[PDB]
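Residue numbers (the deposited numbering), protein chains in the order written: chain A, 35 to 162; chain B, 35 to 159; chain C, 35 to 162; chain D, 35 to 160; chain E, 31 to 159; chain F, 31 to 159.
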Amino acid sequence: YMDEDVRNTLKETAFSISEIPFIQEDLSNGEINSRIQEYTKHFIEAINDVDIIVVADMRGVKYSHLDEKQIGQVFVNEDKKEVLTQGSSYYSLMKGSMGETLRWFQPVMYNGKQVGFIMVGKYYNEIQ
Amino acid sequence: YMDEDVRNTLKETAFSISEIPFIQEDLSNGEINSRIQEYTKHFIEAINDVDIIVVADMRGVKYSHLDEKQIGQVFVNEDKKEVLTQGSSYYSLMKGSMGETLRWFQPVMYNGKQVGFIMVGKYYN
Amino acid sequence: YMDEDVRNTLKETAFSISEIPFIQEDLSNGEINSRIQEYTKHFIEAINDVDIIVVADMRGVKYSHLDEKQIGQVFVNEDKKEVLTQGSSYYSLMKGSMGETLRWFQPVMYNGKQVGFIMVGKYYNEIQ
Amino acid sequence: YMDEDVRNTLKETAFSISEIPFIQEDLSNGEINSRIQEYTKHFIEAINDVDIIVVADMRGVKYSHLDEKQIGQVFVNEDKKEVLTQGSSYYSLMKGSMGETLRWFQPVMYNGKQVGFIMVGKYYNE
Amino acid sequence: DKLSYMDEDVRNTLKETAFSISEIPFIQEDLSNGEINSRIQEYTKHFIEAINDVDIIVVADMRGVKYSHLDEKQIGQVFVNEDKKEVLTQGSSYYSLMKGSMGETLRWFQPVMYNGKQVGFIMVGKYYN
Amino acid sequence: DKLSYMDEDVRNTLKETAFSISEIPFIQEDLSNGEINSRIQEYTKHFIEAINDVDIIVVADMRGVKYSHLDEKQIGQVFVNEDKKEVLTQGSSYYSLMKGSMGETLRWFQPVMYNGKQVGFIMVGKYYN
Ligand SMILES: [Cl-]
Ligand SMILES: [Cl-]
Ligand SMILES: [Cl-]
Ligand SMILES: [Zn+2]
Ligand SMILES: [Zn+2]
Ligand SMILES: [Zn+2]
C-alpha cells in the first residue's frame, strides 16, 4: 500500500519542519542543540505514520528520532527462534533487513542557500 | 576475525542484564514497567559498541532502545545524494537495508525456567 | 516599533502551529496532553520575538507558555523601590500592567470546523 | 480589605523562602544557579493562590516563575471574541493589561545586610 | 574537668531549615492528604545540595517517614569506612554485618501543623565522623 | 546452645546484584576516569527501587564513595525511631545526638576492575531493624 494519505502525511510533516525559522538557523549555525533534537520527537509520538525522522545538515545526520518499538522489531524478528526454543546463547549476523521503508526527502533552505535536508519515513514489514 | 572486543562487549552487556533480579521478575510478571524500559537506555548511551538493545519475553519484544543517530543513518545513506546535490524533493522506497548488524542473543531465566531473552547488537556498513 | 519583521514572525509562527495535524486533533479531542504543552515551549525558547504563546480550544486557554523573565519584569518593575531601599515588607495592588503587547490571533481548523485558536505575541515595555 | 487567607499565603510563602540559607547566599554571591531557579517552580505548581514568584538581588530580577495558564489568559481575554466567533485572523495591540494583581514584597537578608527581595503575587480579573 | 562543645551556627542552620519547610503550605497539605507526591520528594533534595551543614532530611507523616534525602557521599562513607579495610587492602570480596555506624549525628525535630492539628514532623541533621 | 541464622536468598541477591554492576563496561570506565556522571548516579537508583532486599548501594573509586543510593523510607527510620518518641507524642521541638545506630546491616563488597587493574568497589546491603 502506497496510498496517498501516507505519502501526504510524510510530505506535510517534512515541509512543516523545513519551514521553521529556528530549524533553518540551527542547520546553518552547525551548533548542536538538544532542544531541537527533542523537538523532532513530537512527530514520532503524535503522528502514527511517522516511524522515522532525520534532520541533516551538509555534513550529515545531525538530529534523529525513530519509533523504537517499530524499528526494534526489524532487528529482532530474524533468528530469534533458537534462543526462544532452546536456551541457547549465540551470535547472528544479519545482512541487511526485512521489509521496506518509504521515505520523503525535503531540502532545507536559509537565506536562499541550502543548509541541509529532512527525511521522513514509514516502515512496512508486510506489503499489502 | 570479527573483532573480539566487540563480541565481548555484546556478550558481557547482555549477560549482565540477564543476571539482574528485577529484569527476571519483570519478564516473568508480564507487567509493563517504564522504569525498566528506561533502564535499558543507559547501555545505548554509555556503551559505544551497543547500537541496539532488545528485551523480550516469551510473547515478544517488550522493551527496546536504539542509537537513534546510528540507526537513522541506515534509513538515509541510500538515496540522499539527490536532495543533497540538486536541492530537490522526492519519495524513495528502500527495500531492506544496507550494511550488516552483529547481534548476540542471551536467554533470561527465572526460578529455573526461561522467561525471555535479551538481544544486543552493533551495526556496521 | 511595529515593524513588519516582528509582525511577520508572529504570523508565521502561529500559522505554522495551526497547520500541524496533531495540534488540530488535540484541540478537537479535548484531552489534555503534556507533550503538546511542552511542544509550545520551543517557540518561546528559540524565537526571540515570541514572548507569549497561547493555544486555546473552544472552551478556553488549554496550553500556554511565556518568556518567564520577560513577563516576570512586568509584574515587578512597579513599586519595588520601597523594599529595595528600606527593608520594608508590604502589600501592593497593581492594576493592571505597564507597557504594551502585540498579539496575532489565528484560528485552528479540523475537518473543516474551527476547534480553537492560537495567539502569539511580543511584549514591549517602551514604545520605540 | 481583600481576603486574609490569600494575604496570609503570600506572606508565609515569601517569608519561608526568605529564610532559606542557600537563597540568601545565592543572592549575595551574584552567581546564577539553575537549581535555585527550579526551586521557585514548586511554589507556583503546589500553591493555588501563587500565580507569580520573583526573586531579585540588588541589581534586579534574578529568578522568576509564573502560572503560565493564569498569566496567559491576561494577554488573551480582551480581544479573543473575533477569532472565536467569526473565525478570522488579525493583529491586536493591547495597551497595559486588565485586572489587578496583589503582591507582597519581602526583603532578603544575609549576615545582617539586605541582599535582595522576594515578591509573591496572585492575579485577579475582578 | 570535662569540656563539651556547642556550634550554634550548625544548630541554627538545622532549626531554620526545618522551620522554613514546616511553614510551607503545600508541605502541610501533603502530609495531611497522605498522597505520595514525587515533586515534594524532589523539593527536599535542594536542601541537601545547597546547604553544606545538612546531610539528612526526613519528612514524616503520623504513619512514618514519607519523604527523605541524604548527602549520599557523606552517608555512604559511614557504611564503608568501618569494614572497608579488607577490600581496599587486598580483601577482596566478602560479607560483613555492621552494628552500628559509628560516628555521631546531630538532629533537630520539628513538628508540622495543618489547620491547627499536627500532621507529622521534619527532622534535619548533620553527620560527624 | 546458640542458633545463628543464614538467609541465602538475601546473600545471593546482594552478590548477584553487585556482581552484575561490576561487570558493566561503562561502570568500569567511569570509575577509572574519575569524572562525575549523573546518569551513572541515576543508574544505581533502579536497584533500590526494583529489588526489595537492596536497601543500600554504594559505588566507590579508590578515592572514596562516588555514587550512592538508599531506600530513603527504610534508612530514614534508622535516624528517627530512637528519639522520634518525644516530637511524635508531646509538643515538641528539640535537638538530639544519636551516637551510632540501632539495628544491623548486611553488606557485600565487590571490587571493580578495568583493563586488569582494580579501580574501585561496589557495596550492596540490606538493613535489619
Ligand atoms: Cl527464526
Ligand atoms: Cl545515493
Ligand atoms: Cl517604584
Ligand atoms: Zn519538545
Ligand atoms: Zn535509569
Ligand atoms: Zn526542585
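Cβ coordinates follow ideal geometry from the N, Cα and C atoms, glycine included.
Taking every residue with its beta carbon within less than 6 Å of a heavy atom belonging to ligand 4 gives, in chain order, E72/A, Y73/A, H76/A, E72/C, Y73/C, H76/C. Going by C-alpha positions, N67/B is about 23 Å away from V117/A. One thing to note: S131/B has its Cβ within 7 Å of the Cβ of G130/A. Listed by position along chain C, the residues whose Cβ is nearer than 7 Å to that of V117/D are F139, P141, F151. For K114/E, the CB stays at least 6 Å from every heavy atom of ligand 1. Contact annotation: the region 45-62 of chain A touches the region 80-96 of chain A, with at least three C-beta pairs closer than 8 Å. Sequence-distant partners of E112/F (beyond 5 residues in either direction) whose C-beta falls short of 7 Å from its own C-beta, in its chain, are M128, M132. Short of 7 Å from the beta carbon of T47/D, and not among the five residues preceding or following it, lie these beta carbons of its own chain, in chain order: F77, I81, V84, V154. Residues of the same chain with a CB within less than 8 Å of the CB of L44/B, apart from the 5 flanking positions on each side, are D83, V84, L136, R137, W138, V154, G155, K156 in chain order.
For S98/E, the chain F residues whose C-beta falls within less than 8 Å of its own C-beta are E102, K103, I105, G106, listed in chain order. Within the model, the alpha-carbon separation for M36/A versus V108/A is close to 20 Å.
Against chain C, the CB of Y73/A has a partner CB under 7 Å away; the residue lies at that interface.
Around the beta carbon of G150/A, 16 or more other beta carbons lie within 10 angstroms, which makes this residue buried.
Counting only runs of at least 3 residues, the region 71-158 of chain F fully encloses the following beta strand (DSSP E) elements, listed from N- to C-terminal order: 86-91, 95-100, 124-129, 134-144, 147-158.
The Cβ-Cβ distance between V95/C and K147/D does not fall below 7 Å. Contacts between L127/B and chain A, judged by CB atoms closer than 8 Å, involve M36, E134, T135, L136, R137 in chain order. In this structure, the alpha-carbon of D39/F lies about 12 Å from that of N145/B. Taking every protein chain shown into account, the CB of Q140/C has 16 or more other CB atoms within 10 angstroms, so this residue is buried. The shortest C-alpha to C-alpha distance from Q58/E to any of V142/E, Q71/E, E65/E, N42/E is the one to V142/E.
Contact of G155/F with chain E by beta-carbon distance below 8 Å involves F109. Contacts between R69/D and chain E, judged by CB atoms closer than 8 Å, involve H76, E79, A80 in chain order. Contact between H99/A and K115/A does not hold, since the beta-carbon distance rounds to 31 Å and is not under 8 Å.
In the assembly as shown, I161/A is an exposed residue. Its beta-carbon has fewer than 16 other beta-carbons within 10 Å. In the DSSP annotation of this structure, the continuous segment of the alpha helix (DSSP H) that includes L61/E starts and ends at 55-63. Straight-line measurement puts the Cα of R41/B at about 10 Å from the Cα of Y124/A.
Contact note: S131/C reaches chain D through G130, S131, using a C-beta cutoff of 7 Å and chain order. Close CB contacts of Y97/F within its chain, under the 7 Å cut and outside five residues either way in sequence, are with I70, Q71, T74, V89 (chain order). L44/B carries a helical assignment under DSSP once its states are collapsed to helix, strand and coil.
Put simply, the CB of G121/A is near chain B, with a gap under 7 Å to one of its CB atoms.
Nearest CB-CB separation between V95/B and chain A: below the 7 Å threshold. With a 10 Å radius around the Cβ and a threshold of 16 neighbouring Cβ atoms, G106/B comes out buried.
For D91/E against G64/E, the beta-carbon gap comes to about 7 Å, under 8 Å, which counts as contact.
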